[PDB]
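Before any comments, here is the structure.
Just so you know, ligand 1 is whichever comes first in the structure, and atom 1 is the first atom listed for that ligand. Throughout, numbering of the chain's residues begins at 1 and tracks the sequence.
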Amino acid sequence: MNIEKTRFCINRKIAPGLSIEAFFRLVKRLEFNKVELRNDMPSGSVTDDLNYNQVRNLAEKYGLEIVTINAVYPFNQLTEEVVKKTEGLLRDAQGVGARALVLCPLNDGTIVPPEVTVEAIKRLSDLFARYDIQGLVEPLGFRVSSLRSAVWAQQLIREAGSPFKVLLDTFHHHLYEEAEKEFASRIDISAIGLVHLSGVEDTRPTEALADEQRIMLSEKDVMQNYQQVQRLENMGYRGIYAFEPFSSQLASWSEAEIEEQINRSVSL
Ligand SMILES: [Zn+2]
């Protein structure tokens, strides 16, 4: 297996400690060219205390692409409150020159009918076009997720007639029983426009693991990061990979610890 390095993205959630400057100067210095900004770090702001300029220039200086902002939730349950909140994020992404905003389904045990997610996808595609932002729909694995399958979400994006793509997240994939030898032919790598990697070394049962159980990559993470990435490659994927580990263990890691466990990960 070989994959081109320039194809690697560093999701900020990996670095809750660092300021954006701090976070940027890192990456670049750590090699690569793509990041993800997020609206769920301590600041609660895609820019922390900054403004669009400061950030934008900070991406220029370190020659980085802001690939996505995570995330809009619940994109699916698209009340006027949610619409106003989404608009926020589009202003953010347009503001920092992000290319995508990440869309997360309702994740609370409530059914969101396919017809409604299909409407929410129509309405968000208008609203995105309005800010010239791309969309990425991230199915969530959990039994309580109102959209679990990357296949189904492609089905529903095709139906809304949307240029949006799916965000394949290794954990959420892992966490969803009916894919792998039901995936493969059913899935369409054309329309996967981002892949979020994170590893789960933990011996617990899959059937109720969480965002907290996500460290980085290395031999015996019970998630098939290689075997997913092997297949994604086998299949045509020439798009981005991003490290989006969550877990409280991203709490150690000097600016130099993060530097290395990114490299454990990139096993090749
Ligand atoms: Zn993700």
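For the Zn ion (ligand 1), the set of nearby N, O or S atoms under 2.8 Å includes one belonging to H196.
Smallest separation of non-hydrogen atoms from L58 and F24: O-CD1, 3.4 Å.
No side-chain donor from either of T47 and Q54 sits under 3.5 Å from a side-chain acceptor of the other.
Take the N/O/S atoms of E244: the one nearest the Zn ion (ligand 1) is OE1. The Zn ion (ligand 1) is closest to atom OD2 of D169 (considering only N, O or S atoms). Taking the N/O/S atoms of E138 in turn, the shortest distance to the Zn ion (ligand 1) belongs to OE2.
A cation-pi arrangement is absent between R123 and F75, since the terminal nitrogen or guanidinium carbon is not both under 6.0 Å from the aromatic centre and inside a 45° cone about the axis.
Between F128 and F164, the distance separating the two ring centers is shorter than 6.0 angstrom.
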